[PDB]
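Beneath this line is the structure, given in C-alpha cells, with notes to follow.
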Amino acid sequence: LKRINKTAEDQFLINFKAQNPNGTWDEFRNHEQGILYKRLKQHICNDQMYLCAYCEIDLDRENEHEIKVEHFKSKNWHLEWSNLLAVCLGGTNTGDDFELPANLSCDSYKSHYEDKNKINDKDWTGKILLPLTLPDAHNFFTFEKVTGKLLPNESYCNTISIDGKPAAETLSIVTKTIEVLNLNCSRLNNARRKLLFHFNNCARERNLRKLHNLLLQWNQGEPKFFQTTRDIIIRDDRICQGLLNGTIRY
Amino acid sequence: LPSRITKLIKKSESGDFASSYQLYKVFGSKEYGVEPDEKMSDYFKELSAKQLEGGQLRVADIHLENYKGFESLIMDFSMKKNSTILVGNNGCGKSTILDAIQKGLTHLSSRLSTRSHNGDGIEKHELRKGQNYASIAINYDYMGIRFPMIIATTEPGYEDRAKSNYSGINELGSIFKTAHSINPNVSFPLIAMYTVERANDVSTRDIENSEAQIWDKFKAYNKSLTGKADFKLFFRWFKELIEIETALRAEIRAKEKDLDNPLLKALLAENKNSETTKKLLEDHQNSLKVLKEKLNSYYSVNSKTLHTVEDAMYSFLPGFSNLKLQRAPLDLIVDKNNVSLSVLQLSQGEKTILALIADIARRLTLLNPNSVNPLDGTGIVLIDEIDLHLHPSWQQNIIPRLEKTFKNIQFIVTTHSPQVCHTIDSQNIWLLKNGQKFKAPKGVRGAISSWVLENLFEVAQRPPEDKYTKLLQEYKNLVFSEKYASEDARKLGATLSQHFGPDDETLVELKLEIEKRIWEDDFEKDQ
Amino acid sequence: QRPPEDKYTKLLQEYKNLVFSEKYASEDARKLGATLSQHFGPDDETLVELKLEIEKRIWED
Amino acid sequence: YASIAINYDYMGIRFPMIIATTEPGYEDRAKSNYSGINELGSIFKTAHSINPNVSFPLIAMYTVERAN
Ligand SMILES: Nc1ncnc2c1ncn2[C@@H]1O[C@H](COP(=O)(O)OP(=O)(O)O)[C@@H](O)[C@H]1O
C-alpha cells in the first residue's frame with residue numbers, strides 16, 4: 001500500500017447524498033445513467049494516481065471498464081468518503097463469481113474469503129491496514145529475492161501503532177492483511193521477480209551514471225506501479241543508499 | 001387478441017420459427033388471454049414446419065443429482081461459442097458429464113430416426129453409493145426455444161421425487177417429423193459421441209470383410225452414439241458410392257480355380273526341374289499382374305460428390321493425397337510424400353484422426369441430402385480424450401481446424417494436455433475440482449504452456465523430486481543468502497553450468513545476480 | 001511455446017516489435033496495450049517487461 | 001529384402017541374432033540365424049534343471065490396446 005492523499009469533498013456526491021439519505025451504492029451507480037458514478041470514479045482514481053489500492057497494478061488510462069470501486073467495510077457506509085477506494089479487476093470480470101480461488105488478487109478474493117469464513121463483523125478497521133491511515137513512509141512489507149513473496153518486518157512493526165491499536169499486535173495486523181488480501185499470488189510474485197530482473201539488468205555494466213539514472217527515474221517523478229517493491233529494493237541495496245546520500249560520485 | 005399476437009404472427013410470417021412456436025404454446029394454453037383454438041395451433045405448426053433452415057441445436061445446461069461421483073453439478077455449456085473444454089483431473093469425473101449427455105442423447109437420436117420411444121436409464125452400478133435419488137436433466141436449446149428432459153431412477157425399496165418427465169423432446173420429435181414430410185431435404189440434427197475406444201480403429205477385420213442400401217437420411221444416426229469410429233461403415237459407403245460408374249471378375253474367378261488345382265500342385269512337386277514349365281508359370285503370373293493392373297486402372301479415373309468429403313480428411317493430415325482402394329485383394333491406398341502405401345500400415349494417430357474425420361464427414365453428408373455445402377451441418381459431437389494419440393504439433397492445431405472444417409457443430413471434449421487446452425478462450429474451458437466446478441483464470445487463449453500447466457493443472461514446471469532440481473533450488477537459496485561465493489555456490493555453479501550449459505534463461509539471470517553481488521563488494525572495502 | 005496461429009499471439013508479436021522499434025507511443029501502441037491488458041490480465045510476465053522497458057526508453061527521450 | 005538384428009546382453013557377454021526375409025521371386029540374400037538365442041535358452045534351461053528355483057528374465061510388451 002503506497003498510501004494516498006484524500007482530497008477535499010466533491011459537490012455532486014453531496015448532492016446525491018441530500019436527495020436520498022438512505023441509499024445503496026447501486027442506487028448511486030444507476031441514477032442519472034451513472035454520470036455522477038463515473039465522475040466520482042474519476043475523482044477517486046485521480047486522487048490515487050491511477051494505481052491499484054492493495055494490488056498496485058497500472059490501471060488503464062483510457063478504458064474505465066478495467067477499474068472497480070469497493071469499500072473498506074463491506075457494503076450509511078455506501079455514501080461515506082472514508083470508505084471508497086479504487087482497486088484492480090482481481091482477475092475476475094471474465095466470469096461472474098464461479099472462479100477458482102487461490103489465484104484472485106485484490107478484492108474478489110476478499111469477498112470470497114469473507115463468504116467462506118462467515119465473518120459477521122464487516123468492519124475491517126483495526127483488523128487489516130487501511131491505506132488512508134498509513135504513514136507517508138513505512139517499512140513494513142519486505143520480500144525475499146527468491147520467490148518475491150512480501151513478508152512482514154518485525155523490527156519496524158514493533159515500533160509503530162496502526163488503526164488505534166496497541167503496537168504489540170501490529171505484526172498480527174500485518175499478517176492478517178497479507179492473509180486476507182492474498183498479496184502472494186503467482187502473478188504478483190512474478191511481477192516483483194521481473195522488477196528485480198530489470199533492476200539487476202542495468203547493473204551489469206556497473207555504470208554508476210545509468211544506475212543514478214535508474215534511481216532518479218524510480219524515486220522521483222510521479223509514482224509508478226509496485227512502488228513498494230521499488231522502495232524495498234532501493235533501501236535494501238547498499239550501493240543505492242550510498243549513491244543517494246552522496247557517498248559515491250561519478 | 002392483443003396486438004402482441006398480431007405482431008408475433010407478422011414476425012412469424014417472415015420466416016421465424018421462434019414466433020411460430022411461441023404462438024403454438026400460447027394457443028395450447030391461456031397465455032395473454034387467448035382463446036384456446038387447436039385449429040390455429042395446427043396452422044402455426046404447419047407454418048413452423050416450413051421454417052427449419054437451421055437452428056444449431058445445442059445442449060445448453062445440465063443437471064446431475066447423485067450420478068456417478070457427483071452430488072449437484074449444475075453447469076452451463078457455452079451457446080455463443082461452439083466449443084467447451086472440460087479439463088478436470090484423472091479421477092475427477094470428466095467422462096461423467098459426457099456419459100450423462102450421451103444417455104440423454106440416445107432418446108433424442110431415437111426420436112429423430114426411429115418410431116416408438118426407446119432410451120437407456122440409470123443402471124445399478126451408476127447410482128451413487130449411499131443414496132438413491134439419481135437424475136439426469138439436460139435442457140436442450142433449439143433456435144430460441146428449450147425442451148426439458150429428465151432421466152430418473154429409483155430403488156425399489158424407496159420412492160424419491162425422481163419423476164422422469166421426457167415431456168419436451170416429444171415436441172421436438174413431432175416438429176421434425178411434420179417438417180420431414182413436406183420436402184424430403186431437411187437438415188436433421190447430428191448426434192455422435194466418441195469414446196476412447198477408437199484406439200482399436202482401422203484394421204484388416206473391416207477391409208477384408210468388404211465382400212444394396214440407398215443410404216437414406218435416417219441411417220447415419222445408426223451406430224453413432226456407441227463410442228467407436230467404425231471404419232467398416234465408411235468403407236462400405238466408399239464402395240457403394242464409387243460402384244456407381246464383370247467379365248474381368250469372372251476371369252479372376254476362373255483363373256483362381258484353375259491355378260489352384262491339386263493336380264497342378266502335384267505336377268509342380270513331381271518335377272522340380274521344370275524351367276520350361278517355369279517359363280509358362282511366370283507368363284501366367286505376368287498375366288495375373290496385367291489383369292489386376294487393368295482392373296485397378298478401371299477405377300482410379302473419376303469420382304463424385306465424394307470429393308467434398310475427401311477434402312475434409314486431407315486437411316487434418318498434411319502430406320496425404322490420392323485415397324482410393326485396390327480391386328486386387330482388398331486394401332485402401334494413400335499417398336504420403338509420393339509413396340503410395342496401404343491404410344492398414346499408417347501410424348496410430350494418423351489412423352485415429354482419419355477414422356474420426358471420415359466418420360463425422362459420412363454422417364454429415366448422409367444427414368444433408370442436397371446442399372451446396374453439405375459438410376457444415378448442425379449437430380452435436382462428443383470426443384473423449386482428444387489427445388490420446390497426437391503429437392504436440394497437432395495438439396495445438398486439432399481444435400482450431402476442427403471448428404473451421406465443421407462450423408455449426410458443438411465439440412464438448414475432454415483433454416489431458418496443456419498444448420490442446422491453450423487454443424480456447426478462458427471462459428469456455430471448465431475445470432472439475434474434487435467436488436465442484438471451477439472456471440479457468442483469465443489468460444488462456446494465447447498463453448505459454450508452462451503458465452497453463454502451473455495455474456490450470458496444478459503441476460510444477462520443474463519436477464519437485466529430481467536431484468538436479470533440488471540442486472538448483474539450493475543454488476538459488478544460496479545466491480540470495482548473502483553468501484554468493486562461499487565455495488558451495490562455487491561447487492553447485494560448476495555443476496549446473498556444465499549440466500544445463502552456459503546459455504539458458506534460468507542460470508544466466510542468477511549468474512548476472514552473482515556478478516552484481518561481486519561488484520557490490522568493491523566500493524565497500526574502504527568502509 | 002505459444003500458439004503459432006492465434007489472433008492474440010499475433011497481437012503480442014505486433015506489440016513487441018513496435019515496442020522495440022519506431023512507434024513506441026503512437027496510434028496503435030496504446031490500443032494494443034489496452035487490448036492485451038484486458039486479456040492475459042494486466043499483471044503477467046511479458047507485458048510488465050514490455051511496459052517497464054517502454055517507460056525506460058520513453059524516459060530516455 | 002529386409003533384416004532385423006538384435007544383440008542380447010547378459011553379464012557383459014553378448015548373444016547375436018538376425019531375422020530376415022526375401023520376396024519369393026528372387027533367390028534369398030539373407031538367411032535366418034539364431035545362434036545366440038539357442039545358447040541363452042539352453043543356459044537357462046540347464047540352470048533350471050540343476051535348480052528348480054533359478055530366476056528367469058521377463059519378456060513382455062504392452063501395446064496401446066491396454067486401454068480396454
Ligand atoms: N457408486 C459410486 N459412488 C461414488 N463414486 C462413484 C461411484 N461410482 C463411480 N464413482 C466415481 O466415478 C469416478 C470415475 O471417474 P470418471 O467419471 O470415469 O472420469 P475420468 O475417467 O476422466 O477420470 C471415480 O472417481 C469414482 O469415484
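Just remember, in the C-alpha cells the first chain shown is A, the second B, etc., residues are 1-based per chain, and ligands are 1-based in the order shown.
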
What residues have any atom no more than 6 Å from ligand 1 when counting only C-alpha atoms and all ligand atoms, and can you list them as a VMD selection string? chain B and resid 68 to 69 90 to 96 126 to 129

Would you export the selected residues with N, CA and C atoms as a short mmCIF file (atom, residue, chain, number, x, y, z; two decimals), in the first residue's frame, please?
data_model
loop_
_atom_site.label_atom_id
_atom_site.label_comp_id
_atom_site.auth_asym_id
_atom_site.auth_seq_id
_atom_site.Cartn_x
_atom_site.Cartn_y
_atom_site.Cartn_z
N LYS B 68 -22.95 -41.08 -10.61
CA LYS B 68 -21.55 -41.47 -10.67
C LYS B 68 -20.85 -41.05 -9.38
N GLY B 69 -20.20 -39.89 -9.39
CA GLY B 69 -19.49 -39.42 -8.22
C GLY B 69 -19.80 -37.99 -7.85
N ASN B 90 -7.52 -36.62 -13.57
CA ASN B 90 -7.69 -38.07 -13.72
C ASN B 90 -8.34 -38.60 -12.45
N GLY B 91 -9.61 -39.00 -12.56
CA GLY B 91 -10.37 -39.44 -11.41
C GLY B 91 -11.32 -38.41 -10.83
N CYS B 92 -11.49 -37.26 -11.49
CA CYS B 92 -12.39 -36.22 -11.01
C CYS B 92 -13.77 -36.26 -11.65
N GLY B 93 -13.91 -36.90 -12.81
CA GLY B 93 -15.23 -37.06 -13.39
C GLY B 93 -15.47 -36.39 -14.72
N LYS B 94 -14.44 -36.30 -15.57
CA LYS B 94 -14.64 -35.75 -16.91
C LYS B 94 -15.67 -36.56 -17.69
N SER B 95 -15.48 -37.88 -17.75
CA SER B 95 -16.36 -38.74 -18.53
C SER B 95 -17.75 -38.85 -17.93
N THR B 96 -17.94 -38.41 -16.68
CA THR B 96 -19.27 -38.46 -16.07
C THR B 96 -20.25 -37.58 -16.83
N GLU B 126 -24.42 -47.31 -11.64
CA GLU B 126 -24.24 -45.88 -11.88
C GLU B 126 -24.72 -45.03 -10.72
N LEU B 127 -25.67 -45.53 -9.93
CA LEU B 127 -26.17 -44.80 -8.78
C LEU B 127 -25.06 -44.57 -7.76
N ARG B 128 -25.05 -43.38 -7.17
CA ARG B 128 -24.04 -43.05 -6.17
C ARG B 128 -24.19 -43.95 -4.96
N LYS B 129 -23.06 -44.40 -4.42
CA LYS B 129 -23.05 -45.32 -3.29
C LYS B 129 -23.40 -44.55 -2.02
#

Residue neighbourhood stretch 50-56 of chain A, 6 Å, only C-alpha atoms, exclusion window fewer than 4 positions, as a list in words: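 Once the adjacent positions are removed, what remains is residues 1, 45, 87, 88, 106, 225 and 226 of chain A.
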
Contacts from chain C to chain B, 8 Å maximum, only C-alpha atoms: show me the residue list as a PyMOL selection string. chain C and resi 1-3+6+8-9+39-41

Near chain B, 12 Å: chain A residue rows, closest pairs, only C-alpha atoms, as JSON lines:
{"residue": "A:89", "atom": "CA", "partner": "B:442", "partner_atom": "CA", "distance": 11.0}
{"residue": "A:90", "atom": "CA", "partner": "B:442", "partner_atom": "CA", "distance": 10.2}
{"residue": "A:91", "atom": "CA", "partner": "B:442", "partner_atom": "CA", "distance": 6.4}
{"residue": "A:92", "atom": "CA", "partner": "B:442", "partner_atom": "CA", "distance": 7.6}
{"residue": "A:93", "atom": "CA", "partner": "B:442", "partner_atom": "CA", "distance": 9.1}
{"residue": "A:94", "atom": "CA", "partner": "B:427", "partner_atom": "CA", "distance": 6.5}
{"residue": "A:95", "atom": "CA", "partner": "B:427", "partner_atom": "CA", "distance": 6.7}
{"residue": "A:96", "atom": "CA", "partner": "B:439", "partner_atom": "CA", "distance": 9.8}
{"residue": "A:97", "atom": "CA", "partner": "B:439", "partner_atom": "CA", "distance": 9.1}
{"residue": "A:98", "atom": "CA", "partner": "B:438", "partner_atom": "CA", "distance": 5.9}
{"residue": "A:99", "atom": "CA", "partner": "B:439", "partner_atom": "CA", "distance": 4.7}
{"residue": "A:100", "atom": "CA", "partner": "B:438", "partner_atom": "CA", "distance": 5.3}
{"residue": "A:101", "atom": "CA", "partner": "B:438", "partner_atom": "CA", "distance": 8.8}
{"residue": "A:102", "atom": "CA", "partner": "B:455", "partner_atom": "CA", "distance": 9.7}
{"residue": "A:103", "atom": "CA", "partner": "B:441", "partner_atom": "CA", "distance": 7.7}
{"residue": "A:104", "atom": "CA", "partner": "B:441", "partner_atom": "CA", "distance": 8.5}
{"residue": "A:105", "atom": "CA", "partner": "B:441", "partner_atom": "CA", "distance": 11.5}
{"residue": "A:143", "atom": "CA", "partner": "B:480", "partner_atom": "CA", "distance": 11.7}
{"residue": "A:144", "atom": "CA", "partner": "B:480", "partner_atom": "CA", "distance": 8.2}
{"residue": "A:145", "atom": "CA", "partner": "B:480", "partner_atom": "CA", "distance": 6.5}
{"residue": "A:146", "atom": "CA", "partner": "B:476", "partner_atom": "CA", "distance": 6.8}
{"residue": "A:147", "atom": "CA", "partner": "B:476", "partner_atom": "CA", "distance": 9.9}
{"residue": "A:148", "atom": "CA", "partner": "B:480", "partner_atom": "CA", "distance": 11.6}
{"residue": "A:185", "atom": "CA", "partner": "B:455", "partner_atom": "CA", "distance": 10.7}
{"residue": "A:186", "atom": "CA", "partner": "B:455", "partner_atom": "CA", "distance": 8.6}
{"residue": "A:187", "atom": "CA", "partner": "B:455", "partner_atom": "CA", "distance": 10.0}
{"residue": "A:190", "atom": "CA", "partner": "B:451", "partner_atom": "CA", "distance": 11.3}
{"residue": "A:193", "atom": "CA", "partner": "B:509", "partner_atom": "CA", "distance": 11.1}
{"residue": "A:194", "atom": "CA", "partner": "B:509", "partner_atom": "CA", "distance": 10.5}
{"residue": "A:196", "atom": "CA", "partner": "B:513", "partner_atom": "CA", "distance": 9.8}
{"residue": "A:197", "atom": "CA", "partner": "B:509", "partner_atom": "CA", "distance": 7.6}
{"residue": "A:198", "atom": "CA", "partner": "B:509", "partner_atom": "CA", "distance": 10.5}
{"residue": "A:199", "atom": "CA", "partner": "B:513", "partner_atom": "CA", "distance": 10.2}
{"residue": "A:200", "atom": "CA", "partner": "B:513", "partner_atom": "CA", "distance": 6.7}
{"residue": "A:201", "atom": "CA", "partner": "B:512", "partner_atom": "CA", "distance": 7.6}
{"residue": "A:202", "atom": "CA", "partner": "B:516", "partner_atom": "CA", "distance": 9.8}
{"residue": "A:203", "atom": "CA", "partner": "B:516", "partner_atom": "CA", "distance": 6.4}
{"residue": "A:204", "atom": "CA", "partner": "B:516", "partner_atom": "CA", "distance": 6.1}
{"residue": "A:205", "atom": "CA", "partner": "B:516", "partner_atom": "CA", "distance": 9.0}
{"residue": "A:206", "atom": "CA", "partner": "B:519", "partner_atom": "CA", "distance": 7.3}
{"residue": "A:207", "atom": "CA", "partner": "B:519", "partner_atom": "CA", "distance": 10.9}
{"residue": "A:208", "atom": "CA", "partner": "B:519", "partner_atom": "CA", "distance": 11.5}
{"residue": "A:237", "atom": "CA", "partner": "B:520", "partner_atom": "CA", "distance": 8.9}
{"residue": "A:238", "atom": "CA", "partner": "B:520", "partner_atom": "CA", "distance": 8.0}
{"residue": "A:239", "atom": "CA", "partner": "B:520", "partner_atom": "CA", "distance": 6.9}
{"residue": "A:240", "atom": "CA", "partner": "B:520", "partner_atom": "CA", "distance": 10.1}
{"residue": "A:242", "atom": "CA", "partner": "B:523", "partner_atom": "CA", "distance": 9.7}
{"residue": "A:243", "atom": "CA", "partner": "B:523", "partner_atom": "CA", "distance": 11.1}
{"residue": "A:247", "atom": "CA", "partner": "B:523", "partner_atom": "CA", "distance": 10.1}
{"residue": "A:248", "atom": "CA", "partner": "B:523", "partner_atom": "CA", "distance": 8.7}
{"residue": "A:249", "atom": "CA", "partner": "B:523", "partner_atom": "CA", "distance": 11.5}

Work out how far apart atom CA of residue B:198 and atom CA of residue B:230 are and give it in Å to one decimal. 8.2 Å
